[PDB]
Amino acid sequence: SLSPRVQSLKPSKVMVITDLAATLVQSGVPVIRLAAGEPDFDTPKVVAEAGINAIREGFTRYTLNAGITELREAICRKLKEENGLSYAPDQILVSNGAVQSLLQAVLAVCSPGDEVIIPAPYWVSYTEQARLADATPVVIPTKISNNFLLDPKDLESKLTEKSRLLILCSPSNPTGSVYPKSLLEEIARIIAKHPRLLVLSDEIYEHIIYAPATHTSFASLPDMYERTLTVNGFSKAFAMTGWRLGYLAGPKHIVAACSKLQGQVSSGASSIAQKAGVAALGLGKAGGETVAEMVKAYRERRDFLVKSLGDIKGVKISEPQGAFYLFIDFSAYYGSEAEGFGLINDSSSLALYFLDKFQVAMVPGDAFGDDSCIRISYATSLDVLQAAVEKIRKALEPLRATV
């Protein structure tokens, strides 16, 4: 009655839980919302004003399929100034959010049966998008003791003649890990020996990064420009969640194919959002002081959460180097019997315990391929995080941690 690919598709637990918490709040049940990673900043003033001006001036008509020229040119300038990458404007495809940019890249390059190599913990949609292409996800687990970074030995062990695409998210959602240049250079030398292997570099969290970590675009590495699909966007750095503006930069032939696909599925961004994007890039390098305030706020929220929760017996934390998520290992608590709730034995039941009994919404690690952890978004206020920490502490107090 439904197609196999849509029938077998897993729902996004980020969307399910975020929507559920929003619905609970509306019903009159307060919930601390730490699920979807949503900046609590407004869209910056000059960006919002560019969107308003676009409406006031009637910029509501047809726009070039791949994105307005002024936006693609500004994106090329950003990729050179910030990332050291040289793209022509027809190597940029602007879409309705970076998730659409990612999907079109996967659909364009993966043939049925190709393997898509996905390090876990992975962002929730990577495996499902591979399946939508009729491709095979090949998941490579990573370890909290190695800061959830891909071990190149494990990559070597999973390569086959069918390997087609490696997805690298850095800074990572959900772990907040940042790939150091030296490790990226080692991975690139592996990629270079396999002529069919492409890399999807998901860089949307680029500017949400905590020194001394630094961001290295994969396409800047030796021999990698011609095999890298660079995905970036506006939602996270510029608090543009609801505007929907992302982009792909890559080899001309692949971008041309993604653009042809976009023209037949009408996946473009709104004319209003595109004008707002031009203004966001006009804030200068890395978003200037506007984005710097955000990064400073996220860092102080990170520090508060890591200190507060790292003190709890049994908890294991990889201190994140970017993004605004903690991927916290509460697995020592699995097996606990919570009076009034029941057995807590996996990430789903632990997350449900926090939600149903303490009204704190988080996303279980199984959604990201690692049942040992729970993802907490900290793109919310310090007052809210303080309230959440008190509840998490009280929730774990009557339980027990294995040693």
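So that there is no doubt, residue numbering starts at 1 and follows the sequence shown.
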Assert higher mean C-alpha B factor (269 to 277 or 143 to 151, deposited values) equals 143 to 151
On mean C-alpha B-factor from the PDB entry, just flag whether 71 to 79 or 152 to 160 is the higher one. 152 to 160
Among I254, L326, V124, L107, the highest C-alpha B-factor in the PDB entry belongs to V124
Whose C-alpha has the highest temperature factor in the PDB entry: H207, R302, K193, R131? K193
Where does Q100 sit by CA temperature factor within its chain: lowest, middle or highest third? lowest
Is the Cα B-factor recorded for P89 in the lowest, middle or highest third of its chain? middle
Once the chain's modelled residues are ordered by C-alpha B factor and cut into thirds, is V14 in the lowest, middle or highest one? middle
How does the C-alpha B factor of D223 compare with the rest of the chain: lowest, middle or highest third? highest
Within this chain's modelled residues, let me know which third the CA B factor of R375 belongs to: lowest, middle or highest. lowest
